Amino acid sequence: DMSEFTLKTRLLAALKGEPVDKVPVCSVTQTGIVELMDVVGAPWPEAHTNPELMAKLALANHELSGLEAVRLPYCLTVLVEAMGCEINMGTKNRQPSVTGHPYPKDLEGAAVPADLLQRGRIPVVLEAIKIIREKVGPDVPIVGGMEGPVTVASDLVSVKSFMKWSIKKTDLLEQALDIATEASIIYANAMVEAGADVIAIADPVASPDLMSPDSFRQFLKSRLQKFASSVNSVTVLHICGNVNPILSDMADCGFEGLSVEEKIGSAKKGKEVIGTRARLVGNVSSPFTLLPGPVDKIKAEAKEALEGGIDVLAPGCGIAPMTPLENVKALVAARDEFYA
């Protein structure tokens, strides 16, 4: 059976810690790059709103790069926009970002709407998953990406209020977190229904760079656990920054895989504190290695990750849009060279 893996079965097995023939190489974070936008005719920002173009751009960084999955969409704003956040849609090389927060003072009116799945670009993402499945077939995995519940709550109330309430109005923090989690689960299961094989949430606001490890444990962990156990899929939890102080807690959250940056140090250092509770995904620096290169540095840092027991070889965060195609190929070549 070790000789019969598909790209899909290898990723799922790897994330679950089952035996595999080799470590898979892919990205669970955003994969839109300028060089590919130009090659296949699917540039931002149009690729965020047109499902066919969203599909094409995502496909390109599988077919033309060798990454062993397809990942969509390209931003952390689809769900929060659907929940009332105002968004700036960015540019050809700048991601959409949140500019307006609907609930900076109180949660009056914040309930999750019955028509959530019809709002904003949620229908675009769901359709793009179906289109991508058509284009790659059943044996290549589709990773559905989204902002996580902590980041959703914070986007809804503004990060200033979120941080303030964490100390001074913890009941409101919790209410915001519960609404955010409920909406996140509904969206994540919708993506599973549409064809996603893995749901990979990115929750930067849960990072120790922004929230204390103690507040992670006290308030955030239980919602991340509720998310993982309510979503009917293998899941991955991505949190950037130096997450070492919460890495064990991340490993308790019910996600099969933990996606981390280079800021944890070597993959081995991470493996040594999570044991068999969760698998590790990463961790080659997106801005400081994949973006500038050189190819040889990408490969060396990738090989260190593999030697340290990384379960899925991946960029540490979103691929920087100006990343050359050749640098993405380098990540794949490193895995291939590793197995001789």
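Don't overthink the numbering: it's just position in the shown sequence, from 1.
Original post:
Looking at the deposited entry, does 233-241 or 107-115 carry the larger mean Cα B-factor?
Top reply: Going by the record's values, the stretch with the higher mean is 107-115.
Original post:
In the PDB record, does 92-100 or 154-162 carry the higher mean Cα temperature factor?
Top reply: It is 92-100.
**OP:** Could you say which of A180, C253, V140, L173 has its CA atom at the highest B factor, as listed in the PDB entry?
**Re:** The record points to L173.
Subject >> Residue, from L224, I87, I122, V192, that the PDB entry assigns the highest Cα B-factor >> reply: Going by the entry's C-alpha B-factors, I87 comes out highest.
Original post:
What third of its chain's C-alpha B-factors does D249 belong to: lowest, middle or highest?
Top reply: As the PDB entry reports it, the C-alpha B-factor of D249 lands in the lowest third of its chain.
Original post:
What third of its chain's C-alpha B-factors does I129 belong to: lowest, middle or highest?
Top reply: It belongs to the lowest third of the chain when residues are ordered by C-alpha B-factor.
Subject >> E147 by Cα B-factor - lowest, middle or highest third of the modelled chain >> reply: Its C-alpha B-factor, which the entry lists for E147, ranks in the lowest third among residues of this chain.
Original post:
Split the chain's modelled residues into thirds by Cα B-factor; is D197 in the lowest, middle or highest one?
Top reply: According to the entry, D197 has a C-alpha B-factor in the chain's lowest third.
Original post:
So where's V39 on the chain's Cα temperature factor ranking, which third?
Top reply: Ranked within chain, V39 CA B lands in the highest tercile.
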